[PDB]
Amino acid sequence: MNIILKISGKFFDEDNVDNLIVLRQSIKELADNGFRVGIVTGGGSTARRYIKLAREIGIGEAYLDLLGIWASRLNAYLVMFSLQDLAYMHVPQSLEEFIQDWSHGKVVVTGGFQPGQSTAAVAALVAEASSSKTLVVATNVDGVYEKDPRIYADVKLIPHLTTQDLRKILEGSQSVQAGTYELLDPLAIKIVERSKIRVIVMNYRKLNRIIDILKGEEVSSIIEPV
């Protein structure tokens, strides 16, 4: 019924966002299928660019994060604007505001909320508040591979893993990976575990097939909370 979609910041760094016209139909799709969708956008290059500039002039860490949040919010406005008619036209700046906005029965798009965390924590918090039992993380890769792609030749996709692995990475005993990196946040892990939120890592080029994803008729990796 309720689902949260986390769009990696990378999505906003490519030549275009035509994928949004797709997501737009994907959302209409999911919609007609009796599925409500919440969306969280990352900061991408715009955030890294402003954070770096602010760091070179002495800005404190708290404020660097705020600039990353405002960048992620600019991406949320872009998405919200492409979803006219389907979305509640307001970007909540905190989880409490999200709860109010979600209260309107339409799609809600959000950026970051608070310093000291990434948008993955946001997507987790929002999935919990909206009683979403499934969080879909859309990044620029098909899913989680048994071994780091770019490093090791021809690797296969892991059909599923547990949250315990995401933290085995945060330690340093398991190499990060594009697709696992999008979820390396303790609060995110704590939230998906305490609320037992299933996480699906997939490629944002497959949004047109997100329903197949939710069914299993399509490539991706499932992170099961434990």
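Counting begins at 1, following the sequence as shown.
*Asks:* Between 62-70 and 171-179, name whichever shows the higher mean Cα B factor according to the PDB entry.
*Replies:* Result of the comparison: 171-179.
*Asks:* Would 132-140 or 102-110 have the larger average of its C-alpha temperature factors, as given in the entry?
*Replies:* Stretch with the higher mean C-alpha B-factor: 132-140.
*Asks:* Which listed residue, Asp185, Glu56, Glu193, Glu29, has the largest C-alpha temperature factor in the record?
*Replies:* Spelled out: the listed residue with the top C-alpha B-factor is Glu29.
*Asks:* By the record's CA B-factor, is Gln164 among the lowest, middle or highest third of residues in the chain?
*Replies:* Tercile = highest for this residue's CA B-factor.
*Asks:* Please place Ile222 in the lowest, middle or highest third of its chain according to the CA B-factor in the PDB entry.
*Replies:* Middle third.
*Asks:* Mind checking which third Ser45 falls in for C-alpha B-factor across the chain?
*Replies:* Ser45: CA B-factor falls in the middle third of its chain.
*Asks:* Please rank the C-alpha B-factors of the chain's modelled residues and tell me whether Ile151 sits in the lowest, middle or highest third.
*Replies:* Answer is highest: the recorded C-alpha B-factor places it there.
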